[PDB]
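This report refers to the structure that appears directly beneath it.
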Amino acid sequence: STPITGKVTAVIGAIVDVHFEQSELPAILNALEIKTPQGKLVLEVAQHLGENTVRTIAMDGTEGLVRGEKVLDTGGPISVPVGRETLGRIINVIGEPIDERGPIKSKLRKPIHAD
Amino acid sequence: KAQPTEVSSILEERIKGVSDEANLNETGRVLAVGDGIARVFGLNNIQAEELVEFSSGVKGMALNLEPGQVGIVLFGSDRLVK
Amino acid sequence: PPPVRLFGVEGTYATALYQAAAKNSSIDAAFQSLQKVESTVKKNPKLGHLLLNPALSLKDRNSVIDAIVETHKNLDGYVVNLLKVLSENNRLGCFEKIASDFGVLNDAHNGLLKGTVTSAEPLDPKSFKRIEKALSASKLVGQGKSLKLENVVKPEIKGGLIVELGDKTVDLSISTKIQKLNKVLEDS
């Protein structure tokens with residue numbers, strides 16, 4: 006299975022635009038990752054602006070970004086871990102524990118966009 | 004004499020998926036979607052306030068007839084739209 | 007030193023194409039390439055004009071540019087890159103405009119000061135010819151430059167004639183004079 010990369014074609018404020026390639030467009034509300042030198046950074050597929058160009062919303066500090074960085078698809082939306090393993094722990098928005106108690110192992114990841 | 008006809012026979016068959024089953028009488032391509040609205044290229048013989056159906060099966064309706072395109076609002080989530 | 011301005015909107019492609027081409031002439035050759043490519047757009051009207059749509063692609067637009075250069079030596083010089091940029095810039099639809107406008111700039115370089123002799127009905131050739139030479143030798147044209155001339159039929163006018171060129175015109179027709187005939191009698 007190939008992963009879908011894209012280029013950071015436009016950074017405006019806290020809103021990032023990605024030029025993808027032909028018929029490689031993720032559907033709306035899909036998580037996208039880009040590996041910063043500081044960590045990883047998350048986008049969410051908000052607008053098909055036409056012509057393989059997608060407007061997305063940032064999820065952390067968006068400074069320092071070069072245009073055209075090779076962003077990476079995740080396929081689906083933001084999925085968080087669930088289960089009783091998650092209890093008593095401090096989780097950020099992207100499903101990562103920030104309690105410094107290591108990761109939360111969990112048999113299920115679930116998306117945050119259900120009916 | 005022959006190679007312009009060759010270029011024409013290629014070009015009519017180069018976008019044969021886009022040029023045929025087409026001519027936008029009752030067909031259209033999703034030009035750009037955002038916020039539960041698909042701006043759709045095509046759909047020339049469409050009517051005002053007409054129900055439309057996507058290939059994904061979620062239905063919409065057309066409100067803004069325009070020369071360039073058609074604004075269609077959606078009755079479901081726009082996640083099923085590409 | 008640019009030519010006669012195309013004034014901003016989308017003639018700027020044609021403007022840059024001229025003034026970057028003309029730095030080394032070849033604008034007759036570039037001009038003939040433009041005539042030939044607008045011809046082969048016109049000679050293949052199904053999806054030559056019907057494929058200047060914006061909803062295609064970047065890749066398929068570039069491949070249509072490849073079909074244009076695939077047709078022998080249709081493109082020549084800057085005009086392919088013009089199209090490379092145009093294809094990428096997806097301003098291909100407003101390509102007809104560019105053509106006609108480059109024609110206007112070119113025949114301005116020749117100096118063909120297109121005119122017009124509006125009427126409500128077409129006229130005999132003797133009138134055409136006498137008028138033709140009149141303006142041609144008139145101070146309007148400084149000579150060294152040509153002078154086309156087109157009679158058109160206008161029902162919205164009641165007859166007579168009006169001469170037009172160089173945003174400079176003379177109306178001695180009927181409709182306007184009736185108007186002036188009604189205005190002067192509209193006083194007490």
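Chains as they are written, first to last, in the deposited numbering: chain D, 6 to 120; chain A, 4 to 85; chain Y, 7 to 194. The C-beta atom is built at its ideal place from N, Cα and C for all residues, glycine as well.
Residues near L113 (chain D) by beta carbon distance below 6 Å, same chain, minus five either side | Numbered from its first residue, the first sequence carries residue 113 (chain D) at position 108. Closer than 6 Å at Cβ, skipping near neighbours: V87.
C-beta neighbour in chain Y for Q52 (chain D), strict 8 Å = Here residue 52 (chain D) corresponds to residue number 47 of the first sequence, with the count starting at 1. Cβ-Cβ to chain Y under 8 Å: no for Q52 (chain D).
Cβ neighbours of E170 (chain Y) in the same chain (closer than 7 Å, five flanking residues each side left out) = The count along the third sequence starts at 1 and reaches residue 170 (chain Y) at position 164. So the list reads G121, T122 and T124, once near-sequence residues are dropped.
Answer yes or no: does any C-beta atom of chain Y fall closer than 8 Å to that of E56 (chain D)?
-> Here residue 56 (chain D) corresponds to residue number 51 of the first sequence, with the count starting at 1. Answer yes: the Cβ-Cβ gap between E56 (chain D) and chain Y drops below 8 Å somewhere.
Quick one: what does DSSP say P7 (chain A) is sitting in, helix, strand or coil?
-> Your numbering for residue 7 (chain A) matches position 4 in the second sequence. Three-state result, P7 (chain A): helix.
Note down, in chain order, each residue of its chain lying with its Cβ closer than 6 Å to the Cβ of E52 (chain A), except the 5 sequence neighbours on either side.
-> In the second sequence, residue 52 (chain A) corresponds to position 49, counting from 1. Correct list: empty, nothing qualifies.
Would you kindly work out how many angstroms separate the C-alpha atoms of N57 (chain D) and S28 (chain D), rounded to a whole number?
-> Here residue 57 (chain D) corresponds to residue number 52 of the first sequence, with the count starting at 1. Here residue 28 (chain D) corresponds to residue number 23 of the first sequence, with the count starting at 1. Cα to Cα, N57 (chain D) sits roughly 8 Å from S28 (chain D).
If we count Cβ pairs, one from each stretch, closer than 8 Å, do we get three or more for the segment 64-83 of chain Y versus the segment 37-55 of chain Y?
-> yes
Touch test, the segment 44-60 of chain Y against the segment 130-146 of chain Y, Cβ-Cβ under 8 Å, three pairs minimum | no
DSSP three-state call for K90 (chain Y): helix, strand or coil?
-> As a first step, residue 90 (chain Y) must be located in the third sequence, where it is residue number 84. Three-state DSSP puts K90 (chain Y) in a helix.
Interface flag, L77 (chain A) vs chain Y, CB-CB below 8 Å = Mapped onto the second sequence, residue 77 (chain A) falls at position 74. For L77 (chain A), the answer is no, since every Cβ of chain Y falls outside 8 Å of its Cβ.
Same chain, Cβ closer than 6 Å to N112 (chain Y), neighbours up to 5 away in sequence not counted | Along the third sequence, read from residue 1 onward, the residue named residue 112 (chain Y) stands at position 106. The answer, listed in chain order, is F37.
Answer yes or no: do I49 (chain A) and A65 (chain A) have a C-beta to C-beta separation smaller than 8 Å?
-> By one-based count along the second sequence, residue 49 (chain A) stands at place 46. By one-based count along the second sequence, residue 65 (chain A) stands at place 62. Cβ distance < 8 Å, so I49 (chain A) and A65 (chain A) count as in contact.
Rounded straight-line distance, which links the Cα of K40 (chain D) to that of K115 (chain D) = Stepping through the first sequence from its first residue, residue 115 (chain D) is reached at position 110. Stepping through the first sequence from its first residue, residue 40 (chain D) is reached at position 35. Whole-angstrom Cα-Cα distance: 22 Å.
Given 8 Å, three or more beta-carbon pairs between the segment 57-66 of chain Y and the segment 17-28 of chain A | yes
Please determine, among Y:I184, Y:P60, Y:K174 and Y:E94, the residue with the shortest C-alpha to C-alpha distance to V43 (chain A).
-> Along the second sequence, one-based indexing puts residue 43 (chain A) at 40. For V43 (chain A), the nearest C-alpha among the options comes from Y:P60.
Could you tell me the boundaries of the alpha helix (DSSP H) in which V70 (chain Y) lies?
-> Locating residue 70 (chain Y) in the third sequence gives position 64, counting from the first residue. It spans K65 to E76 - the alpha helix (DSSP H) in which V70 (chain Y) sits, taken as one unbroken run.
Please list, in chain order, all residues of the same chain as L68 (chain A) whose beta carbon is under 7 Å from its beta carbon, the five residues on each side excluded.
-> Position 65 of the second sequence, counted from the start, is the residue given in the question as residue 68 (chain A). Within the same chain, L68 (chain A) has close Cβ partners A51.
Tell me whether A19 (chain D) sits in a helix, a strand or coil according to DSSP, three-state version.
-> Here the question's residue 19 (chain D) lines up with position 14 in the first sequence. Coil at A19 (chain D), not helix or strand.
Distance CB(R72 (chain D))-CB(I20 (chain D)) smaller than 8 Å | Here residue 72 (chain D) is taken as the residue at index 67 of the first sequence, counted from 1. Here residue 20 (chain D) is taken as the residue at index 15 of the first sequence, counted from 1. No, the Cβ-Cβ distance between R72 (chain D) and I20 (chain D) is not below 8 Å.
According to DSSP, what are the bridge partners of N67 (chain A)?
-> Numbered from its first residue, the second sequence carries residue 67 (chain A) at position 64. According to DSSP, which records beta bridges pairwise, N67 (chain A) is partnered with A:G74.
Between the Cα of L92 (chain Y) and those of Y:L118, Y:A126 and Y:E16, spot the shortest distance and give me the residue it belongs to.
-> Translated into positions along the third sequence, residue 92 (chain Y) becomes position 86. It is Y:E16.
Secondary structure at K139 (chain Y), three-state DSSP: helix, strand or coil?
-> Taking the first residue of the third sequence as position 1, residue 139 (chain Y) is located at position 133. Reduced to three states, the DSSP call for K139 (chain Y) is helix.
So is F78 (chain A) buried or exposed if we call it buried at 16+ other beta carbons inside 10 Å?
-> In the second sequence, counting from the first residue as 1, residue 78 (chain A) sits at position 75. The residue in question, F78 (chain A), is exposed, as its Cβ has fewer than 16 Cβ neighbours within 10 Å.
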